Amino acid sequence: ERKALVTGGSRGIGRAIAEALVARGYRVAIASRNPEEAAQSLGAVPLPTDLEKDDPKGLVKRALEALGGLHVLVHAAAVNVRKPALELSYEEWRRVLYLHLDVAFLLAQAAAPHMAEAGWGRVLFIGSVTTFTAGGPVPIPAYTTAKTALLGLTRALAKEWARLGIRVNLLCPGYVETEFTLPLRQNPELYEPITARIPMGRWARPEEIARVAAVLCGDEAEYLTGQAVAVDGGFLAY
């Protein structure tokens, strides 16, 4: 019954979330550069797009038309430039901040009217342990800044749209085994020091993160809004 749009939905965390939503009976549309194969496999509508360049408003419009409505928005698209601040160019800084933060704002702003019309909505932004820390041995200042900024956006939008029936939250996955994080998992100087700080002693599978994402996209979150929910195996608590 609920209609959902998941960006970065062809692989990694986004894919896992899309699968979880389909399992809940939601009509799902996934956006990424080449979502065709994943969409057919998951049972979702494919929406090819380059979110680093294409107008976000346009993607929301395409989702509304493809689904016949829009109640849920999950922005799980991922990109990164893992370079220290003094090496990072402004173009690279902007690339990371645009996709993670500006697009988050633009997508949510475009989706809200439709959720309000339905009187029910769920916006789920994707954070990180870097929403609360700086990534430790990994040089990701731009990513850290963007993922922390999302907590402010989450609070701001949650505050303004609560009366409209929309809940806005920030799911903060910990260290997860995906293609996106391979550079970290393959480097011992990164993987070892990080994993030693995870009480559960292992990285997460995307599906384990998606279990919580589904909750934040359902009736379970009726009175839950403007919050970050960290699913990190105990990393931050360590």
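Numbers for residues come from their place in the sequence shown, where the first is 1.
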- Mean CA B-factor: is it higher for 45-53 or for 185-193? 185-193
- Message: Please compare 208-216 with 59-67 and name the stretch with the higher mean C-alpha B-factor in the deposited structure.
- Response: 59-67
- Query: Whose CA atom has the top B-factor in the entry, of 158, 103, 79, 115?
  - Reply: 79
- Within-chain third of residue 136 by Cα B-factor, per the entry: middle
- residue 111: which third of its chain by C-alpha temperature factor? middle
- Message: Based on the deposited C-alpha B factors for this chain, I'd like to know if residue 228 is in the lowest, middle or highest third.
- Response: lowest
- Pull the Cα B-factor of residue 163 out of the PDB entry and bin it into the chain's lowest, middle or highest third. highest
- residue 121 - which third its CA temperature factor falls in, relative to the rest of the chain: middle
